[PDB]
Amino acid sequence: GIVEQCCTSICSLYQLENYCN
Amino acid sequence: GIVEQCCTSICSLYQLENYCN
Amino acid sequence: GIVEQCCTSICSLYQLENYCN
Amino acid sequence: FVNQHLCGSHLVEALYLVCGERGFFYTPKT
Amino acid sequence: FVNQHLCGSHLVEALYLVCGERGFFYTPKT
Amino acid sequence: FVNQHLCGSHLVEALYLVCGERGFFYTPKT
Ligand SMILES: [Zn+2]
């Protein structure tokens, strides 16, 4: 999830846009 | 103190309110 | 540089002012 | 874009800029 | 509320929201 | 002044306050 994809690992722009509405 | 209670260890809401006026 | 002087090591006020214009 | 580990309020700020008008869900589960 | 180690300007911001009108003393001694 | 390791947006904020009207160049190379 949000903390394992973007804080535990290095995300990107579109992995972060996945958590939008 | 403030750095050992809330940064070195995990504080709460009311341990943080202790450092108010 | 900027990341090795001020993030990898401990900078100061005037080492940070070096990166101004 | 950033090449890093976004954590805490940094992580919520990134989510604030990138989504914009859509908004986001911040769910901090492990 | 947060379940974490509040450090630096995060720690001062937390102290800013939670105290409010009372204000706070930030004293960073080890 | 701060006696610490300034990293990320903290590092850019420090550079924002201290330079002011002059501005700055943020170049994050390793
Ligand atoms: Zn931070």
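A note on names: the letters A, B, ... follow the listed sequences, proteins ahead of strands, and every chain is numbered from 1. Note that ligands are numbered from 1 as they come in the structure, with each ligand's atoms numbered from 1 the same way.
- Using a 4.5 Å cut-off between side-chain heavy atoms of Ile, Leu, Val, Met, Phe, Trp and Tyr, with links allowed through other members, D:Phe1 and C:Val3 fall into different hydrophobic clusters.
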Tabulate below the donor-acceptor pairs under 3.5 Å that side-chain atoms of residues 2-21 of chain E make, not counting sequence neighbours, or state none.
from	atom 1	to	atom 2	distance (Å)
E:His5	ND1	B:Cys7	O	3.1
E:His5	ND1	B:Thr8	O	3.4
E:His5	ND1	B:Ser9	O	3.3
E:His10	NE2	D:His10	NE2	3.4
E:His10	NE2	F:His10	NE2	3.4

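- Of all heavy-atom pairs between C:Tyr19 and C:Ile2, the closest is OH-N, 3.6 Å.
- Between A:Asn21 and D:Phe25, the shortest heavy-atom contact is OD1-CD2, 3.8 Å.
- Of all protein N/O/S atoms, those under 2.8 Å from the Zn ion (ligand 1) are D:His10 NE2, E:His10 NE2, F:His10 NE2, and waters are not counted.
- Proximity of F:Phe24 to C:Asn18: side-chain heavy atoms (C-beta onward) are nowhere separated by under 4.5 Å.
- Atom OH of C:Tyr14 has 12 or fewer heavy atoms from other residues, nucleotides or ligands within 6.0 Å.
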